[PDB]
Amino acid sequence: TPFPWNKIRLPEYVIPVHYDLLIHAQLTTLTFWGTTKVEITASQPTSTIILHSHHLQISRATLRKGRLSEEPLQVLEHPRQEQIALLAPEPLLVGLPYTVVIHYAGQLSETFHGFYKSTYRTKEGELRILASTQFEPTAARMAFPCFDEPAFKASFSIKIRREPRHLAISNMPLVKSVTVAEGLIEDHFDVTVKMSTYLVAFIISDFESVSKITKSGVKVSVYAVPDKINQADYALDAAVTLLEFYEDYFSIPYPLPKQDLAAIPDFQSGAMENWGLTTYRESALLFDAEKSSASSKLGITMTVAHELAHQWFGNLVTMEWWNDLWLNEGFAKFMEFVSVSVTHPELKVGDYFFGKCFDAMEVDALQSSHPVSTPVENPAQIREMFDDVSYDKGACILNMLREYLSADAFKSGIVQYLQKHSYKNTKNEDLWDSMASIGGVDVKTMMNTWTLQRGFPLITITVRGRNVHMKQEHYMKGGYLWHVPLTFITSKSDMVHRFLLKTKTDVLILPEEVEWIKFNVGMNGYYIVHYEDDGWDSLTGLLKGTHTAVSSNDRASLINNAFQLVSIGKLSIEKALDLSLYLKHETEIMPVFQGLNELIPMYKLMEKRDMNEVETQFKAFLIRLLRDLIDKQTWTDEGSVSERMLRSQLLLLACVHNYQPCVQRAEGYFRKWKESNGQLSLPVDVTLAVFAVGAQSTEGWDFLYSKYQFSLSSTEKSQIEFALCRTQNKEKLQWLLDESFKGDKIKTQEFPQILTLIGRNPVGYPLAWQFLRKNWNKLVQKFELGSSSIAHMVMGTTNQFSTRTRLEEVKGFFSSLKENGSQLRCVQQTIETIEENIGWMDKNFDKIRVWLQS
């Protein structure tokens, strides 16, 4: 019998309203069984129900009407479309309720998606097995058969059968636990509100918990393994504050009685926003006040803010289809900064936002970047939407739109959009309609330019007395027109002046002549700026003579833009390097980090070429440039989060480049720490430098690795992994890859990061690209084609190559995969990146060699 449906998308005429899911997982055999009952209605007469199912063995399917009548359903499967077809003996009557009942079995996934196995070892040595879920985007169909597309919203009543030794949690509160046959307990959770299948969640584990109630009465809890629940308090307090913030900000209460935050021992992404049961990597939630870094504290706060923003932007209101995933992700990413700027003002997170926009511009400058909203169909293409364009470009265009409309008008537009579309699905046009309903400024033409075209513009400024000429063109490495909300300040006015450039060119007249003008104030706009004539000389002079004339983020924007303009031949590498010399007097984290972001990649290219002399001189130039700031750092955990992050990065950079004052200090801490058998608490902020130096000897590497198995600190485990990956012993590098790939000694959730760190090691970088090619199939099976993890592995191991032989290795390898990876967007991105690295190094290597000598 041929399969009666030939489309990836399900039919539109059979709609679910409610699911009753009974799941029994047997954690000793890793088998699970389920009974799914789905209440549906048909709007057309049909005798066939198509729905999703992947890797489930269906034993029986029946159609109930009512007066109960049952009819057996015949089951057909189309595994490539991940669909099943259920055939009824007579047509369903239009508009009447029916209930499809499906009994099935499956095996817990050994990946990080679907209903999957997670393990950990107690401090006492016992291996413990738990089961958890990760469904977004298309894996709910691996746990229960369903209409697995986000616009088929429905309510869900979940029942879990489990051994008495385990705890089960799910989206909603536990309302009853009933003893059933064969020594099991069946937990019944309350019915969810109407929501997408990808948000269903359930966990069977040994977790402990802590809780706190919001002012609105919502019970917030953190769940973690017993040995780590003592690290839950920071996240619990942050979650209560952030949930209260969003309820007030949006004027829409959180609608469930409780919100859980569960730290899972094995987790692929950072976290997931399942309604009522948000999940996290342990590193993204758990804070050890003695060993966690300042960056970790900031990251937990932002991750909790992101998952809680999604309760409104993603859960309450959901994109209709994955082409518009940015409506969920760009908003959640932007709301991290809107919220944490108010809830945790000590973190000064608004100061860091622009860096996310420069992350998006790296990808979006390439010829094959995709528009923010773009068509996708199959699961791998949908997973590719979880990328820096949806998250970071999405947040950056919303920031630009909020600055343009004003925070109050943008907030009113948010609130109207969330209220109007509550418990429903949206597309881009709904957001523009809401934003314009405030009848306010129409946003559709402008925002279509930022969502339906790839890339961003270069704005060129030419000043002739009071006349300021503006032009826009597409910025691309290797037709476009936007509505660009420009901003500028000048030597005579630090008010933010606004000008909307909707055309190829325009002109404005300053009230009086100025000494300099600086566009894109605060880097709040998604564009870059070039200045003709003496413009770059004037801004270089401003940075050299009176750098505080513009904000720290404005100085970071000039550093980034100057180097981006070298790439397209608008500014010479010598002039961009001359501008970077001002950094000898820079004190602030954002412009220092932007200088590292532009200069460090240049030596990473040199490390993989026959360029020892220039590589050495370039690294010496970088340390000389920042030497005074490096020397001023204390070897402590003092200061604000920015002061701490700046210290840690600078000491690590200095030690990696063998700056003897820092190496000697790091060697002394490592020796004292090792001689004390690790008793001695080191300042967290110097730990990366200390461990990186210590792991350079065989005794130090072995000692550091010996402490890894006992650590309960996600920061300490991360710092040890980083340091071990800096070894120049290739047998130890291969061991790190083999062992993290296997997941026993080092968990596989760390393998993507370890592979990129080894891909960036100056001696062992070939091993990482080699490992990726040899183990590709298993890596795809574990992490999935199209995943952000596979994208980071492909870029991480290849995007610092700069020869035509390496470019052909990448093209030849990936083209040979055919359906198993040749068409990945990350592969085209890394090819275009290597093509740019080849051209940039051919054009600029000798110029840099001469500049360093002069």
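So that there is no doubt, residue numbering starts at 1 and follows the sequence shown.
Unmodelled residues of the deposited sequence between neighbouring positions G66 and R67 number 1 to 3. Gap check for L712 to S713: zero deposited residues are absent from the model. Of the two segments examined, 71 to 79 and 274 to 282, it is 71 to 79 that shows the higher average Cα temperature factor in the deposited entry. When 175 to 183 is weighed against 321 to 329, 175 to 183 comes out higher, by mean CA B-factor as recorded in the entry.
For the set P511, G314, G299, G700, the maximum C-alpha B-factor listed in the entry falls on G700. The maximum CA B-factor among the listed residues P150, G217, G525, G759, taken from the PDB record, is found at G217. Among all modelled residues in this chain, the alpha-carbon of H310 has a temperature factor (C-alpha) in the lowest third.
Among the modelled residues of the chain, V484 sits in the lowest third by CA temperature factor in this PDB entry. Among the modelled residues of the chain, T35 sits in the middle third by CA temperature factor in this PDB entry. Per the deposited record, the Cα B-factor of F250 falls in the highest third when ranked against the other modelled residues of its chain. Per the PDB record, residue ranking by Cα B-factor puts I838 in the lowest third of the chain.
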